[PDB]
Amino acid sequence: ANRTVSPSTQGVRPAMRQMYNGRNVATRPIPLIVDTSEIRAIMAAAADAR
Amino acid sequence: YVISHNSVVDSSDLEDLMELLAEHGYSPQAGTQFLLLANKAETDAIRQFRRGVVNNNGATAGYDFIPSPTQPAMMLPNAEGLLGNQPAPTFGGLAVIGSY
Amino acid sequence: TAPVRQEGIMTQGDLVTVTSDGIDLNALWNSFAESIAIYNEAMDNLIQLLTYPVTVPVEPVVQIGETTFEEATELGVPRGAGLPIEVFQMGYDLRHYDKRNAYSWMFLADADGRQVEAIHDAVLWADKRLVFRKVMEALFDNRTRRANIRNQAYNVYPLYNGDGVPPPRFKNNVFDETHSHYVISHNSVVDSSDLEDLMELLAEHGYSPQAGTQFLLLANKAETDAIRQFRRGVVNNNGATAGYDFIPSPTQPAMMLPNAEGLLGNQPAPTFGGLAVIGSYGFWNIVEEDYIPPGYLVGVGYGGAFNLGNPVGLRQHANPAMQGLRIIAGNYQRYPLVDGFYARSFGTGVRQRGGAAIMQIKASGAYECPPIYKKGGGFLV
């Protein structure tokens with residue numbers, strides 16, 4: 001039989017996944033980045049203005 | 001209480017109008033729902049906003065106009081979906097034409 | 001504009017009362033307790049991840065000589081053996097802080113108890129703002145301190161600074177007395193290079209990804225906004241190519257990135273300790289934190305074969321009656337004045353001087369401690 005080996009035949013399955021690409025859907029969510037410092041400022045200001 | 005500085009509406013005017021609420025923190029980040037009330041003369045221009053296409057006064061739209069479920073259909077122009085979210089067909093009791 | 005600080009004796013005419021108009025202003029103290037509670041949680045999540053309570057006030061480091069074999073002969077005998085040894089020490093400082101409040105009898109005759117509870121709460125906030133400042137200052141202020149314990153003067157150190165005993169030799173890494181973990185980017189904007197260089201400052205002592213050390217990068221939003229844009233093999237700022245992709249964590253918005261149809265390996269977990277992780281770059285877990293000043297990167301290692309702890313040791317006084325914030329009786333106790341004091345004593349030092357590093361993003365010149373955390377600058381953030 002074929003005795004050929006490589007770091008691939010000795011390896012592990014790559015544990016790969018698909019990541020969201022925005023193709024082949026009707027709409028795409030707006031990419032709204034919100035860091036925690038901005039969440040703190042909103043929540044502090046809301047609680048002050050109440 | 002403000003003016004557009006142009007005789008016909010831009011996508012930039014919806015951005016400048018959104019800014020007047022967001023400057024106080026009333027914002028998409030804060031989970032604020034937003035409603036725009038407009039006349040036919042304005043909504044019939046706003047229906048034509050498409051991402052990256054130039055509108056009136058050299059404004060370029062940063063989002064797509066997404067029609068509401070009650071509106072007539074459109075063909076999707078690209079393999080990429082429209083940039084936006086499709087609205088519910090009503091806001092309170094009002095009839096929603098779409099989102100921007 | 002700045003907040004005000006009223007610091008006199010409380011007289012009549014500093015009283016707050018139900019107005020002529022019938023508003024009970026004394027009900028409206030603690031209007032801002034909830035916004036203070038938000039920033040108090042923010043300070044806590046840093047303190048419990050940057051610090052540990054000191055139970056052993058002094059740390060040793062030891063150096064010893066060696067010996068060698070020789071080839072044997074059949075009639076003759078080999079040379080003998082000995083071992084020289086030396087040792088060095090470091091510790092943590094301890095300092096004292098206090099506040100007074102004072103009232104005239106005319107204030108006390110008419111005052112609402114809600115107004116003195118309001119001042120008491122403002123003091124508790126100021127105590128937290130003090131402890132937090134001194135924890136950050138222990139890490140950011142790169143100057144060596146001295147402390148007296150049991151009539152001996154010890155060194156009290158920050159991270160490696162080009163001062164004190166050098167880092168140990170590790171696997172052909174050898175270090176000068178000038179070796180430092182306070183460094184500059186040499187450029188006005190953050191590179192991918194900078195995160196790669198900052199990691200080598202931990203890795204050069206061991207403390208490495210293959211040793212199992214987990215890592216955290218604390219950064220201001222202004223740096224994270226640039227780091228978010230790093231893509232593997234693409235040029236970013238100052239002509240740096242990125243060695244890695246920025247990988248977002250599960251909390252981030254879905255983004256239509258070019259040349260990115262699949263992810264090899266896991267996303268970084270959404271939180272590290274209590275802090276919210278935005279994503280990762282190489283082995284760094286990246287946290288946005290506005291208590292890090294703009295233009296500073298703070299890289300910290302945890303765990304691994306060397307078992308890195310939290311970077312700053314927090315030292316308290318030996319007597320349990322002197323631990324924590326304390327209320328002490330006044331010198332004025334009768335009439336016409338009453339007074340009283342608040343006090344706390346605590347201090348700080350670094351035990352594992354290589355287990356973190358700080359970079360300041362600037363073109364040229366020495367590292368500056370940021371004025372918000374420099375030791376001379378005050379007692380609040």
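Chain letters run A, B, ... following the sequence lines, proteins first, then strands; residues in each count from 1.
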Visitor: Do the ring centers of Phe230(C) and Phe246(C) come within less than 6.0 Å of each other?
Guide: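 Judged by ring-centre distance (under 6.0 Å), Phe230(C) and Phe246(C) do not meet the cut-off.
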Visitor: Can you tell me how the ring of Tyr244(C) sits relative to the ring of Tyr281(C), calling it parallel under 30°, perpendicular over 60° and tilted otherwise?
Guide: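 Plane angle over 60°, so perpendicular.
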Visitor: Please state whether the side chain, the backbone, both or neither of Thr251(C) comes within less than 4.5 Å of a heavy atom of chain A.
Guide: neither
Visitor: At a 4.5 Å cut-off on heavy atoms, which part of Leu32(A) comes close to chain C: side chain, backbone, both, or neither?
Guide: backbone
Visitor: Testing the basics here: between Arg231(C) and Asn259(C), what is the closest heavy-atom pair and its distance to 0.1 Å?
Guide: NH2-O, 3.4 Å
Visitor: What residue, out of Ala260(C), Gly265(C), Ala33(C), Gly262(C), has the most heavy-atom pairs lying under 4.5 Å from chain A?
Guide: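 Of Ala260(C), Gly265(C), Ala33(C), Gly262(C), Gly262(C) has the most heavy-atom pairs under 4.5 Å with chain A.
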Visitor: Are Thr51(C) and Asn310(C) linked by a side-chain donor-acceptor pair shorter than 3.5 Å?
Guide: no
Visitor: May I ask you to check whether over 12 heavy atoms, not counting those of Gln267(C), lie within 6.0 Å of atom CD?
Guide: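 Yes.
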Visitor: Using distance alone, with no hydrogens and no angle criterion, decide if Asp191(C) and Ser193(C) have a side-chain donor and acceptor under 3.5 Å apart.
Guide: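 A pair is found: one side chain offers a donor N or O, the other an acceptor, under 3.5 Å apart.
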Visitor: Among the options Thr224(C), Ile38(C), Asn266(C), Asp290(C), pick out the one with the most heavy-atom pairs lying under 4.5 Å from chain A.
Guide: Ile38(C)
Visitor: Measure centre to centre between the rings of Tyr302(C) and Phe215(C), then say whether the value is under 6.0 Å.
Guide: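 Not close enough - the centres of the two rings lie 6.0 Å or further apart.
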Visitor: Quick one: of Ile30(A), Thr36(A), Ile33(A), who has the most non-hydrogen atom pairs under 4.5 Å with chain C?
Guide: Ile33(A)
Visitor: Could you tell me which portion of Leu264(C) (side chain, backbone, both or neither) has an atom closer than 4.5 angstrom to a non-hydrogen atom of chain A?
Guide: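 Contact with chain A: backbone and side chain both.
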Visitor: Please rank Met255(C), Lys221(C), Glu34(C) by heavy-atom pairs under 4.5 Å with chain A and give me the top one.
Guide: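 Of the options given, most contacts go to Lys221(C).
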Visitor: Which one, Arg50(A), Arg40(A), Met43(A), leads in non-hydrogen pairs under 4.5 Å with chain C?
Guide: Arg40(A)
Visitor: Would you mind checking which part of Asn220(C) comes under 4.5 Å of any heavy atom in chain A, side chain (CB onward), backbone (N, CA, C, O), both or neither?
Guide: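 Neither part.
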